[PDB]
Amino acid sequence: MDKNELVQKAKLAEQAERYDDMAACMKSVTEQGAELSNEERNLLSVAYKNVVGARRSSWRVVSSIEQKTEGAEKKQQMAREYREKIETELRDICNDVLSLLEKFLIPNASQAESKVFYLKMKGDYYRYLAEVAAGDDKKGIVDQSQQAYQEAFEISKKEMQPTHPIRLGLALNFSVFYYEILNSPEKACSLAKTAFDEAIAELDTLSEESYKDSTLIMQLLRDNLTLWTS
């Protein structure tokens, strides 16, 4: 229906913790073809993060059971087939978001922070595909994630202040990508440490609108550094 109606229904779905509904509303908003407001952008992101996150969690649980059932052929087969079912849902969700990003969001982004936001999202959803990719497809998926993060990184470093919440969150996820997907603790820590240190030096550039998100992400950056250097 009307864009404003869909956005109101997405907020209702979020309150009700019905994230399938809320992703469906925000997808319909995106498909209308107009650049998303900051509020609409955030609602889209929250929705799909919760939808995919449910599958990521289930996949880890079942994949682990599959691993620990060697020698019990029937039980292992059933865990494998359930894992594969969950993977298919997970892949379809990622491909859903990635398609919206290619067709609507990235091409229509007129401001640098919008472009960085959507390239970060692209990096994120390819990273979730990389988490479950095996064999032949993985290197190509990993490279798509890296190229999106890297372009987002260069743009943010040129256009956005160190305390900008989107720049900080990009550093956080790109650093996780280096740690978990590229298995390089050193580059992950260097990226997180620089982001934290450069923001720490400019706290007077925070706004009443940005400081809660920005200071949360700095705490997550340091938490990752603490974890990775113990």
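Numbering starts at 1 and runs along the sequence shown. Between two forms, the rigid core is defined as the largest C-alpha subset superposing within 1.5 Å.
- Once the structures in 8 other deposited structures of this protein are superposed via the core, the pair 195 to 203 and 46 to 54 is resolved in favour of 195 to 203 as the more displaced stretch (C-alpha RMS).
- Superposition on the core shows that, in 8 other deposited structures of this protein, the C-alpha atoms drift more in one of 74 to 82 and 114 to 122; this is 74 to 82.
- Looking at the other PDB entries for this protein, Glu14 is present in the model in all of those that include the residues around it, rather than absent from a third.
- Modelled in this chain, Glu208 is nonetheless unresolved in at least one third of the other entries of the protein that span it on both sides.
- Look at the C-alpha B-factors of 189 to 197 and of 66 to 74. On average they run higher in 66 to 74.
- If you average the C-alpha B-factors over 104 to 112 and over 131 to 139, the higher value belongs to 131 to 139.
- Per the PDB entry, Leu182 shows the highest C-alpha temperature factor of the residues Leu172, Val52, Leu182, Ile166.
- In this PDB entry, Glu159 carries a Cα temperature factor that places it within the highest third of its chain's modelled residues.
- Among all modelled residues in its chain, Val46 ranks in the lowest third by Cα B-factor.
- Remark: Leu36 belongs to the highest third of its chain, ranked by C-alpha B-factor as recorded.
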